[PDB]
file query.pdb (PDB, C-alpha atoms (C1' of nucleotides))
ATOM      1  CA  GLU A  77      -3.822 -38.660 -11.589
ATOM      2  CA  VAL A  78      -4.810 -42.321 -11.214
ATOM      3  CA  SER A  79      -2.842 -45.453 -12.048
ATOM      4  CA  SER A  80      -5.400 -47.986 -13.284
ATOM      5  CA  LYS A  81      -8.914 -48.518 -14.614
ATOM      6  CA  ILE A  82     -11.890 -50.234 -12.983
ATOM      7  CA  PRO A  83     -12.833 -53.920 -13.381
ATOM      8  CA  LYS A  84     -16.082 -55.454 -14.559
ATOM      9  CA  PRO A  85     -18.474 -56.559 -11.785
ATOM     10  CA  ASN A  86     -20.963 -59.408 -11.529
ATOM     11  CA  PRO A  87     -24.406 -57.916 -10.769
ATOM     12  CA  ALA A  88     -25.897 -61.187  -9.518
ATOM     13  CA  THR A  89     -23.489 -62.053  -6.706
ATOM     14  CA  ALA A  90     -22.962 -58.386  -5.856
ATOM     15  CA  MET A  91     -26.523 -57.781  -4.635
ATOM     16  CA  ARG A  92     -27.172 -61.290  -3.327
ATOM     17  CA  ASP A  93     -24.612 -60.429  -0.652
ATOM     18  CA  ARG A  94     -24.235 -56.730   0.082
ATOM     19  CA  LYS A  95     -20.668 -55.689  -0.702
ATOM     20  CA  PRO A  96     -19.137 -52.247  -1.303
ATOM     21  CA  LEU A  97     -17.375 -51.510  -4.585
ATOM     22  CA  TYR A  98     -15.036 -48.583  -5.165
ATOM     23  CA  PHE A  99     -11.587 -47.420  -6.205
ATOM     24  CA  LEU A 100      -9.455 -45.759  -3.527
ATOM     25  CA  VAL A 101      -7.637 -42.869  -5.184
ATOM     26  CA  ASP A 102      -5.422 -41.787  -2.299
ATOM     27  CA  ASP A 103      -4.082 -45.252  -1.441
ATOM     28  CA  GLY A 104      -0.377 -45.768  -1.969
ATOM     29  CA  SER A 105       0.831 -46.251  -5.522
ATOM     30  CA  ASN A 106      -2.646 -45.603  -6.943
ATOM     31  CA  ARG A 107      -1.689 -41.927  -7.065
ATOM     32  CA  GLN A 108       0.355 -40.897 -10.104
ATOM     33  CA  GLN A 109       1.664 -37.436 -10.969
ATOM     34  CA  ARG A 110       2.019 -36.393 -14.608
ATOM     35  CA  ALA A 111       3.451 -33.255 -16.179
ATOM     36  CA  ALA A 112       2.316 -31.716 -19.444
ATOM     37  CA  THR A 113       3.279 -29.080 -21.998
ATOM     38  CA  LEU A 114       0.608 -27.495 -24.152
ATOM     39  CA  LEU A 115      -0.210 -24.702 -26.580
ATOM     40  CA  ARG A 116      -1.650 -21.438 -25.283
ATOM     41  CA  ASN A 117      -3.400 -19.692 -28.193
ATOM     42  CA  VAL A 118      -4.796 -21.273 -31.335
ATOM     43  CA  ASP A 119      -6.920 -20.565 -34.396
ATOM     44  CA  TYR A 120      -7.601 -22.699 -37.461
ATOM     45  CA  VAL A 121      -9.675 -23.064 -40.614
ATOM     46  CA  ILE A 122     -10.758 -26.479 -41.887
ATOM     47  CA  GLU A 123     -11.689 -27.637 -45.394
ATOM     48  CA  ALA A 124     -13.509 -30.932 -45.885
ATOM     49  CA  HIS A 125     -16.256 -32.716 -47.790
ATOM     50  CA  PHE A 126     -18.544 -35.702 -47.405
ATOM     51  CA  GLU A 127     -18.533 -39.189 -48.897
ATOM     52  CA  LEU A 128     -21.043 -42.023 -48.941
ATOM     53  CA  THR A 129     -20.621 -45.077 -46.744
ATOM     54  CA  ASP A 130     -21.292 -48.511 -48.197
ATOM     55  CA  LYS A 131     -24.091 -49.290 -45.727
ATOM     56  CA  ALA A 132     -25.885 -46.063 -46.666
ATOM     57  CA  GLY A 133     -29.474 -46.404 -47.794
ATOM     58  CA  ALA A 134     -30.384 -45.675 -51.394
ATOM     59  CA  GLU A 135     -32.389 -42.583 -50.412
ATOM     60  CA  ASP A 136     -29.308 -41.006 -48.819
ATOM     61  CA  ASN A 137     -27.778 -38.032 -50.616
ATOM     62  CA  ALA A 138     -24.654 -36.187 -49.528
ATOM     63  CA  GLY A 139     -26.143 -32.789 -50.342
ATOM     64  CA  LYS A 140     -28.993 -33.264 -47.885
ATOM     65  CA  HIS A 141     -26.618 -33.972 -45.015
ATOM     66  CA  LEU A 142     -24.437 -31.063 -46.108
ATOM     67  CA  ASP A 143     -27.400 -28.691 -45.942
ATOM     68  CA  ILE A 144     -28.359 -30.067 -42.533
ATOM     69  CA  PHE A 145     -24.783 -29.436 -41.425
ATOM     70  CA  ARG A 146     -24.863 -25.855 -42.677
ATOM     71  CA  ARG A 147     -28.152 -25.231 -40.880
ATOM     72  CA  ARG A 148     -26.768 -26.595 -37.625
ATOM     73  CA  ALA A 149     -23.541 -24.615 -37.925
ATOM     74  CA  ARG A 150     -25.355 -21.345 -38.597
ATOM     75  CA  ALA A 151     -27.747 -21.946 -35.704
ATOM     76  CA  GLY A 152     -24.855 -22.860 -33.416
TER      77      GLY A 152
ATOM     78  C1'   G B   1     -25.138 -41.941 -33.380
ATOM     79  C1'   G B   2     -18.297 -46.293 -33.535
ATOM     80  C1'   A B   3     -13.687 -44.961 -32.246
ATOM     81  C1'   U B   4     -10.667 -36.211 -31.193
ATOM     82  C1'   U B   5      -3.393 -42.046 -28.516
ATOM     83  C1'   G B   6      -9.872 -40.582 -26.753
ATOM     84  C1'   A B   7     -13.347 -41.763 -22.972
ATOM     85  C1'   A B   8     -12.279 -41.449 -15.689
ATOM     86  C1'   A B   9      -8.100 -38.611 -12.703
ATOM     87  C1'   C B  10      -7.572 -33.149  -5.421
ATOM     88  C1'   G B  11      -1.215 -31.399  -3.789
ATOM     89  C1'   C B  12      -3.257 -33.186   0.141
ATOM     90  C1'   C B  13      -3.273 -33.935   5.373
ATOM     91  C1'   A B  14      -0.453 -29.596  10.304
ATOM     92  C1'   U B  15       3.381 -26.776  13.157
ATOM     93  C1'   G B  16       4.887 -20.028  18.829
ATOM     94  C1'   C B  17      10.249 -15.530  16.409
ATOM     95  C1'   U B  18      10.925 -16.997  20.851
ATOM     96  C1'   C B  19      13.430 -15.813  25.600
ATOM     97  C1'   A B  20      16.145  -9.565  27.659
ATOM     98  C1'   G B  21      19.316  -5.186  27.640
ATOM     99  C1'   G B  22      20.622   2.807  31.206
ATOM    100  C1'   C B  23      21.767   8.018  25.807
ATOM    101  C1'   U B  24      24.814   8.322  29.086
ATOM    102  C1'   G B  25      28.224  11.096  31.743
ATOM    103  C1'   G B  26      29.104  18.077  31.676
ATOM    104  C1'   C B  27      30.192  23.054  29.793
ATOM    105  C1'   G B  28      29.573  31.824  32.240
ATOM    106  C1'   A B  29      26.016  35.795  26.441
ATOM    107  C1'   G B  30      30.240  37.714  27.986
ATOM    108  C1'   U B  31      33.076  41.952  27.604
ATOM    109  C1'   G B  32      31.138  48.570  27.103
ATOM    110  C1'   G B  33      28.938  53.296  24.958
ATOM    111  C1'   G B  34      25.866  61.733  26.986
ATOM    112  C1'   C B  35      19.095  62.592  23.304
ATOM    113  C1'   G B  36      21.896  66.190  22.539
ATOM    114  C1'   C B  37      22.785  71.181  20.602
ATOM    115  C1'   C B  38      18.411  76.475  21.060
ATOM    116  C1'   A B  39      13.892  79.407  20.148
ATOM    117  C1'   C B  40       8.508  86.258  23.037
ATOM    118  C1'   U B  41       1.671  84.432  23.465
ATOM    119  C1'   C B  42       2.382  88.674  21.077
ATOM    120  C1'   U B  43       0.205  92.750  18.726
ATOM    121  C1'   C B  44      -5.786  96.746  20.817
ATOM    122  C1'   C B  45     -10.362  96.888  21.607
ATOM    123  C1'   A B  46     -16.587 102.844  27.354
ATOM    124  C1'   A B  47     -19.873 100.039  32.386
TER     125        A B  47
END

call {"tool": "encode", "arguments": {"input": "query.pdb", "output": "structure tokens"}}
result
Amino acid sequence: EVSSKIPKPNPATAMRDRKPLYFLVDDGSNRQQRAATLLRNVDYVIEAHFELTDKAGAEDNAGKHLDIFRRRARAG
RNA sequence: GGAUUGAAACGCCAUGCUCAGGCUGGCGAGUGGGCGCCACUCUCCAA
């Protein structure tokens, strides 16, 4: 894996003088090795329900979104 | 259309099992034993 993220550029100066930008993965300490332990077979069932946000418009109704959700889930 | 301690993340670049060594030297299938004992082509048919 990699050691660090990328920095923000300045579009103006970048083009006004052609300059390459990149991150060099293979260089020195940039390379980092990480181990992991993980599950191998899973299955679950989830129970939940909706609730109205404060910014919601007056026309919004939870049941409508719930029906949309059921449609989408059935259709995959 | 904000936010699954999440969003991105190569095990990678390459190296001869090599050089060589006798299954050899040699040993008798060899000694010896009867196919023998004995038995009618014989009775009669002109040229």

call {"tool": "resolve_selection", "arguments": {"input": "query.pdb", "expression": "the PyMOL selection byres ((chain A) within 10 of (chain B))", "output": "ChimeraX atom specification"}}
result
/A:77-82,101-102,107-109

call {"tool": "residues_around", "arguments": {"input": "query.pdb", "residues": "residue 127 (chain A)", "least_positions_apart": "5", "cutoff": "12 Å", "atoms": "all atoms listed in the file", "output": "ChimeraX atom specification"}}
result
/A:132,136-139,141-142

call {"tool": "atom_distance", "arguments": {"input": "query.pdb", "atom1": "CA of residue 112 (chain A)", "atom2": "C1' of residue 3 (chain B)"}}
result
24.4 Å

call {"tool": "atom_distance", "arguments": {"input": "query.pdb", "atom1": "CA of residue 122 (chain A)", "atom2": "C1' of residue 4 (chain B)"}}
result
14.5 Å

call {"tool": "atom_distance", "arguments": {"input": "query.pdb", "atom1": "CA of residue 144 (chain A)", "atom2": "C1' of residue 7 (chain B)"}}
result
27.3 Å

call {"tool": "decode", "arguments": {"input": "query.pdb", "residues": "region 25-39 of chain B", "atoms": "N, CA, C and O atoms (P, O5', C5', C4', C3', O3' and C1' of nucleotides)", "output": "PDB file, in the first residue's frame"}}
result
ATOM      1  P     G B  25      36.414 -60.349 -15.978  1.00  0.00           P
ATOM      2  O5'   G B  25      37.163 -61.655 -15.480  1.00  0.00           O
ATOM      3  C5'   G B  25      38.532 -61.583 -15.131  1.00  0.00           C
ATOM      4  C4'   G B  25      38.762 -61.889 -13.676  1.00  0.00           C
ATOM      5  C3'   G B  25      38.557 -63.322 -13.241  1.00  0.00           C
ATOM      6  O3'   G B  25      39.581 -64.198 -13.671  1.00  0.00           O
ATOM      7  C1'   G B  25      37.644 -61.871 -11.627  1.00  0.00           C
ATOM      8  P     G B  26      39.307 -65.202 -14.895  1.00  0.00           P
ATOM      9  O5'   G B  26      38.547 -66.435 -14.234  1.00  0.00           O
ATOM     10  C5'   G B  26      39.195 -67.245 -13.262  1.00  0.00           C
ATOM     11  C4'   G B  26      38.387 -68.464 -12.891  1.00  0.00           C
ATOM     12  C3'   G B  26      37.815 -69.272 -14.059  1.00  0.00           C
ATOM     13  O3'   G B  26      37.877 -70.663 -13.744  1.00  0.00           O
ATOM     14  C1'   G B  26      36.080 -68.661 -12.606  1.00  0.00           C
ATOM     15  P     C B  27      37.493 -71.771 -14.840  1.00  0.00           P
ATOM     16  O5'   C B  27      36.486 -72.739 -14.079  1.00  0.00           O
ATOM     17  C5'   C B  27      36.974 -73.664 -13.118  1.00  0.00           C
ATOM     18  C4'   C B  27      35.875 -74.241 -12.261  1.00  0.00           C
ATOM     19  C3'   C B  27      34.918 -75.209 -12.970  1.00  0.00           C
ATOM     20  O3'   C B  27      34.635 -76.345 -12.155  1.00  0.00           O
ATOM     21  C1'   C B  27      33.698 -73.491 -11.900  1.00  0.00           C
ATOM     22  P     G B  28      34.775 -77.836 -12.746  1.00  0.00           P
ATOM     23  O5'   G B  28      34.010 -77.805 -14.145  1.00  0.00           O
ATOM     24  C5'   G B  28      32.740 -78.422 -14.317  1.00  0.00           C
ATOM     25  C4'   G B  28      32.723 -79.360 -15.502  1.00  0.00           C
ATOM     26  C3'   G B  28      31.355 -79.848 -15.959  1.00  0.00           C
ATOM     27  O3'   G B  28      30.737 -78.926 -16.841  1.00  0.00           O
ATOM     28  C1'   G B  28      32.932 -81.646 -15.923  1.00  0.00           C
ATOM     29  P     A B  29      29.140 -78.843 -16.987  1.00  0.00           P
ATOM     30  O5'   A B  29      28.675 -80.350 -17.201  1.00  0.00           O
ATOM     31  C5'   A B  29      27.322 -80.738 -16.981  1.00  0.00           C
ATOM     32  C4'   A B  29      27.193 -82.236 -16.858  1.00  0.00           C
ATOM     33  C3'   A B  29      26.762 -82.967 -18.130  1.00  0.00           C
ATOM     34  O3'   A B  29      27.405 -84.234 -18.194  1.00  0.00           O
ATOM     35  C1'   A B  29      25.290 -83.497 -16.395  1.00  0.00           C
ATOM     36  P     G B  30      28.787 -84.429 -18.979  1.00  0.00           P
ATOM     37  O5'   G B  30      29.494 -85.599 -18.166  1.00  0.00           O
ATOM     38  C5'   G B  30      30.179 -85.319 -16.957  1.00  0.00           C
ATOM     39  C4'   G B  30      29.861 -86.307 -15.862  1.00  0.00           C
ATOM     40  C3'   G B  30      29.431 -87.698 -16.286  1.00  0.00           C
ATOM     41  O3'   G B  30      30.528 -88.499 -16.677  1.00  0.00           O
ATOM     42  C1'   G B  30      28.145 -86.944 -14.424  1.00  0.00           C
ATOM     43  P     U B  31      30.286 -89.898 -17.425  1.00  0.00           P
ATOM     44  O5'   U B  31      29.723 -90.853 -16.287  1.00  0.00           O
ATOM     45  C5'   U B  31      30.583 -91.753 -15.610  1.00  0.00           C
ATOM     46  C4'   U B  31      29.962 -92.262 -14.338  1.00  0.00           C
ATOM     47  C3'   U B  31      29.042 -93.461 -14.456  1.00  0.00           C
ATOM     48  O3'   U B  31      29.731 -94.687 -14.622  1.00  0.00           O
ATOM     49  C1'   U B  31      28.077 -91.859 -13.016  1.00  0.00           C
ATOM     50  P     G B  32      29.648 -95.481 -16.018  1.00  0.00           P
ATOM     51  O5'   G B  32      28.295 -96.318 -15.926  1.00  0.00           O
ATOM     52  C5'   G B  32      28.210 -97.466 -15.091  1.00  0.00           C
ATOM     53  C4'   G B  32      26.884 -98.180 -15.218  1.00  0.00           C
ATOM     54  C3'   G B  32      26.536 -98.692 -16.615  1.00  0.00           C
ATOM     55  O3'   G B  32      25.809 -99.919 -16.504  1.00  0.00           O
ATOM     56  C1'   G B  32      24.840 -97.260 -15.873  1.00  0.00           C
ATOM     57  P     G B  33      25.516-100.823 -17.799  1.00  0.00           P
ATOM     58  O5'   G B  33      23.965-101.174 -17.702  1.00  0.00           O
ATOM     59  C5'   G B  33      23.526-102.420 -17.166  1.00  0.00           C
ATOM     60  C4'   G B  33      22.024-102.484 -17.039  1.00  0.00           C
ATOM     61  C3'   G B  33      21.267-102.780 -18.331  1.00  0.00           C
ATOM     62  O3'   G B  33      20.059-103.481 -18.041  1.00  0.00           O
ATOM     63  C1'   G B  33      20.656-100.651 -17.540  1.00  0.00           C
ATOM     64  P     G B  34      19.791-104.944 -18.642  1.00  0.00           P
ATOM     65  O5'   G B  34      19.906-104.760 -20.221  1.00  0.00           O
ATOM     66  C5'   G B  34      18.753-104.677 -21.049  1.00  0.00           C
ATOM     67  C4'   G B  34      18.926-105.473 -22.320  1.00  0.00           C
ATOM     68  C3'   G B  34      17.889-105.251 -23.410  1.00  0.00           C
ATOM     69  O3'   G B  34      18.204-104.120 -24.207  1.00  0.00           O
ATOM     70  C1'   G B  34      18.406-107.576 -23.171  1.00  0.00           C
ATOM     71  P     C B  35      17.056-103.227 -24.885  1.00  0.00           P
ATOM     72  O5'   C B  35      16.149-104.271 -25.670  1.00  0.00           O
ATOM     73  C5'   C B  35      14.770-104.010 -25.907  1.00  0.00           C
ATOM     74  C4'   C B  35      13.994-105.293 -26.052  1.00  0.00           C
ATOM     75  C3'   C B  35      13.920-105.859 -27.469  1.00  0.00           C
ATOM     76  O3'   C B  35      14.033-107.278 -27.426  1.00  0.00           O
ATOM     77  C1'   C B  35      11.745-105.587 -26.609  1.00  0.00           C
ATOM     78  P     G B  36      15.464-107.974 -27.606  1.00  0.00           P
ATOM     79  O5'   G B  36      15.328-109.332 -26.793  1.00  0.00           O
ATOM     80  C5'   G B  36      14.296-110.255 -27.098  1.00  0.00           C
ATOM     81  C4'   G B  36      13.488-110.608 -25.877  1.00  0.00           C
ATOM     82  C3'   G B  36      12.434-111.678 -26.077  1.00  0.00           C
ATOM     83  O3'   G B  36      12.984-112.976 -25.983  1.00  0.00           O
ATOM     84  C1'   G B  36      11.525-109.859 -24.854  1.00  0.00           C
ATOM     85  P     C B  37      12.947-113.976 -27.233  1.00  0.00           P
ATOM     86  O5'   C B  37      11.997-115.147 -26.734  1.00  0.00           O
ATOM     87  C5'   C B  37      12.212-115.749 -25.469  1.00  0.00           C
ATOM     88  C4'   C B  37      10.932-115.869 -24.690  1.00  0.00           C
ATOM     89  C3'   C B  37       9.780-116.550 -25.396  1.00  0.00           C
ATOM     90  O3'   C B  37       9.914-117.956 -25.461  1.00  0.00           O
ATOM     91  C1'   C B  37       8.994-114.625 -24.276  1.00  0.00           C
ATOM     92  P     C B  38      10.259-118.653 -26.866  1.00  0.00           P
ATOM     93  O5'   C B  38       8.849-118.796 -27.584  1.00  0.00           O
ATOM     94  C5'   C B  38       7.806-119.541 -26.970  1.00  0.00           C
ATOM     95  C4'   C B  38       6.574-119.622 -27.834  1.00  0.00           C
ATOM     96  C3'   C B  38       6.805-120.079 -29.276  1.00  0.00           C
ATOM     97  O3'   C B  38       5.742-120.936 -29.688  1.00  0.00           O
ATOM     98  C1'   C B  38       5.683-118.014 -29.269  1.00  0.00           C
ATOM     99  P     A B  39       5.801-121.670 -31.115  1.00  0.00           P
ATOM    100  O5'   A B  39       4.428-121.264 -31.805  1.00  0.00           O
ATOM    101  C5'   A B  39       3.196-121.682 -31.235  1.00  0.00           C
ATOM    102  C4'   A B  39       2.012-121.087 -31.950  1.00  0.00           C
ATOM    103  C3'   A B  39       1.976-121.329 -33.463  1.00  0.00           C
ATOM    104  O3'   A B  39       0.645-121.594 -33.900  1.00  0.00           O
ATOM    105  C1'   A B  39       1.841-119.026 -33.019  1.00  0.00           C
TER     106        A B  39
END
